[PDB]
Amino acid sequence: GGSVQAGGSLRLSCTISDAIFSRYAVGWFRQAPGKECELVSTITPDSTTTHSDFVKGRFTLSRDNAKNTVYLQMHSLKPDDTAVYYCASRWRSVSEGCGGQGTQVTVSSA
């Protein structure tokens, strides 16, 4: 996964089933060490994006114009953003959002 020093940026990519990408909201989730899975943000096929309260404008979502990929652009990263990040659709609970293949984000202090 991506590792940065505090204050840094990192762009993540989520490739998901094309049928899902075309029709359903895609959520980004994260899970810090020893903590529970939490929902970070979502994006719909029309590029309406929602964010959880802890995002505070720092993370933004977009959809690729040609492929079945959603991007999470992160700025102003802090050590407490260290977590494995995941994406999913059609979750029945927030816990389900961290059940797939994730990527480790590490933010080290300065």
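When you see a residue number, it is the position in the sequence shown, counting from 1.
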Between 30-38 and 48-56, the record assigns the higher mean Cα B factor to 48-56
Tell me which stretch has the larger mean Cα B-factor in this entry, 81-89 or 58-66.
58-66
Relative to the other modelled residues of the same chain, rank the CA B-factor of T106 and answer lowest, middle or highest third.
lowest
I20, C-alpha B-factor rank within chain (lowest, middle or highest third)
highest
